[PDB]
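> If you scroll down you'll find the structure; I have some questions about it.
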Amino acid sequence: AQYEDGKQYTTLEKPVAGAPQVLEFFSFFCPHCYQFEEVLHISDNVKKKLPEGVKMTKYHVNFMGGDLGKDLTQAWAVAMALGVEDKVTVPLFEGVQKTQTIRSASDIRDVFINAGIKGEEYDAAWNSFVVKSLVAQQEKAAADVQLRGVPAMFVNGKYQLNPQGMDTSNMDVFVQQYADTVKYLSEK
Ligand SMILES: c1cc(-c2ccc(CNC3CCCCC3)cc2)cs1
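Residue numbering for the sequence shown follows the deposited numbering, starting at 1 and increasing by one per position.
Spelled out as structure tokens, the structure:
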């Protein structure tokens, strides 16, 4: 077959009922994730190839970066709660991996302040139980598949993208194959 279980994707041994249609996991510490976001724009190109109004979900993980990694999962919860993902994703990646100016929870907060989120609003969200529940949701979703590597994408709780089996000579062709694979999986 043109798409084969074991090649462009794998099938979850223990499938996850009731999971988001398209679910991505990343870490701001993760070098491929940096590329997926700023260089390849994987999430954007998958959304364009899926039906309008499809639920795409993107969650941060704790297992890279120790204390700061957990702070970033909580900061990503704040980003989701306020709806400012599109404003902080690039500066968070660059602060962790490019300039390495993010060394503390305060430095993460600075990124939100610079992006125009008011300090009182960031702090209220950071301390909110709505954000605690978003953190729990991110952890539970990752736990549902004993996740140990990012970046990772899951389709309907059943299939995991396998980018290792895609040609990487041409960035655009790679992105297109990845997105076309997500579309194929979503239609299974
Ligand atoms: C979990 C996902 C990966 C992975 C494997 C391969 C790629 C593709 N690298 C891109 C391919 C296009 C050229 C630029 C770099 C991206 C991520 C390694 S572990």
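Even for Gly, the Cβ is constructed at its ideal location relative to N, Cα and C.
1. Which one of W126, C33 and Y178 has the shortest CA to CA distance from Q97?
2. Using the beta-carbon count (16 or more within 10 Å), is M80 buried or exposed?
3. Hey, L12 and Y178: beta-carbon distance below 9 angstroms or not?
4. Run the proximity test for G149: is its beta-carbon closer than 8 angstroms to any non-hydrogen atom belonging to ligand 1?
5. Tell me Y9's beta-bridge partners as DSSP assigns them.
6. Please indicate yes or no: does the CB of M166 lie closer than 8 angstroms to some heavy atom of ligand 1?
7. Find the nearest neighbour of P31 within the set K14, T89, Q74 and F93, judged by alpha-carbon distance.
8. Since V88 and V54 should fall inside the 8 angstroms C-beta cutoff, what is the C-beta to C-beta distance between them, to a whole number of angstroms?
9. Per DSSP, which residues does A152 bridge with? Please list them.
10. How many Å lie between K188 and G149 at the Cα?
11. Does the region 57-73 come close enough to the region 102-110 to have 3 or more Cβ pairs within less than 8 angstroms?
12. Please return the same chain residues whose Cβ sits closer than 7 angstroms to the Cβ of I117, not counting the five positions on each side in sequence.
13. Taking the alpha-carbon positions, what's the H41 to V61 distance?
14. What's the C-alpha gap between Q164 and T10?
15. Rank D167, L161, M166 and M64 by C-alpha distance to the C-alpha of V182 and give the top, closest one.
Considering the structure as presented:
1. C33
2. buried
3. no
4. yes
5. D5 and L161
6. yes
7. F93
8. Actually they are not in contact, since the Cβ atoms of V88 and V54 sit about 23 angstroms apart, beyond 8 angstroms.
9. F25
10. 25 angstroms
11. yes
12. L82 and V84
13. 19 angstroms
14. 11 angstroms
15. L161
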